[PDB]
Amino acid sequence: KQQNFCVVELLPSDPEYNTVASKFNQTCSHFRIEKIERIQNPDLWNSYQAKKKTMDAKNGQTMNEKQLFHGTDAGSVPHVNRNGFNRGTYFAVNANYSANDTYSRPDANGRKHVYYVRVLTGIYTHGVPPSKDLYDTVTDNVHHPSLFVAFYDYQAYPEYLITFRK
Ligand SMILES: Cc1ccc2c(c1)sc1nncn12
Ligand SMILES: [Cl-]
């Protein structure tokens, strides 16, 4: 109920650091990563896994989960670490979209913040979502997606926080 959280800084030698950095670097290699943090929020995580289990029981062969990017300002980081994206919310397939200064506002020290988020994209359509008993998310392009919009609580887990600069 409280959704208390811990913030674990990944050592550069932690396998997960290389894994998160490689995905970011598909489109953001020109930026300098200062740190990557794991957000540990047992209540938020349990709530997210509850919704994943329901969606996994519903959508047959659908791979319901994707790992997507979300840019935030520095000030929102404690809010997202506690609440996730519960309010819909825009998630990018590529980091360079989230890395735009409008979505990852540089702070007073030039530092930018993008989460690498577990998102239950489930079954989606072009765009609360419409009928079909609704779609799980809407996307810009059903066959070549670059962004997803989630409207439901506990549909996203802010697993990793990337702090970086120009
Ligand atoms: C239209 C739109 C709105 C928000 C948004 C994107 C695209 S890509 C991204 N990454 N974090 C936030 N966002
Ligand atoms: Cl914090």
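As a basis for the values below, the full set of heavy atoms in this structure was taken, side chains included, without hydrogen atoms, waters or symmetry mates. In this chain, residues are counted from 1 in sequence order. When a ligand or atom number is given, it counts from 1 through the structure's own listing order.
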Side chain to side chain donor-acceptor pair (under 3.5 Å) between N81 and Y115, intermediate numbers included: CA-CA 10 Å; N81 296 348; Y115 290 91; 2.7 Å; yes
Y48/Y154 aromatic ring centres below 6.0 Å: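 No, ring centres 6.0 Å or more apart.
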Aromatic ring pairing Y116/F69, orientation class (parallel under 30°, perpendicular over 60°, tilted between): parallel
Parallel, tilted or perpendicular: ring planes of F91 versus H70, cut at 30 and 60 degrees: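 Ring orientation of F91 relative to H70: tilted.
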Protein residues that have a heavy atom under 4.0 Å from any atom of ligand 1, sorted by chain and number: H70, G71, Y90, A92, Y97, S98, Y103
Pairing of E16 and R38 as salt bridge, 4.0 angstrom limit: yes
NZ/NE/NH1/NH2 to OD/OE distance under 4.0 Å, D136 and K51: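 Between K51 and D136 there is no salt bridge, as every charged N stays at least 4.0 Å from the carboxylate O atoms.
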